[PDB]
């Protein structure tokens, strides 16, 4: 495997403004190439709140996610999202539940990479 950091901002549906979702992911993320496949690797903070997350490209194709690491003590989760070189955006659909505070919501957002996913040597 090889990798590079990549900056990103999650933005609110229909807007270029920062989404609250951006505040619950670590930055920067990473691009990884392994076995000729590309992934965006990112860390979800307060992972227990993220009851469902789905990623899509701009064409609305599904992007497979896998769990790389679950840090239960820190409540973080590292995931890989399948991507291709040239991707600039991802659409996300998330179900966020924090029961203590009566928070159970479904959102759409768009994750904007600083620069398009690169080809890696």
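Numbering follows the first chain given and starts at 1.
When the C-alpha B-factors of 98 to 106 and 16 to 24 are averaged, 98 to 106 comes out higher.
For the pair 48 to 56 and 31 to 39, the mean Cα B-factor is higher in 31 to 39.
Ranked by Cα temperature factor within the chain, residue 66 sits in the highest third according to the deposited record. Sort the chain's modelled residues by C-alpha temperature factor and residue 93 lands in the lowest third, per the entry.
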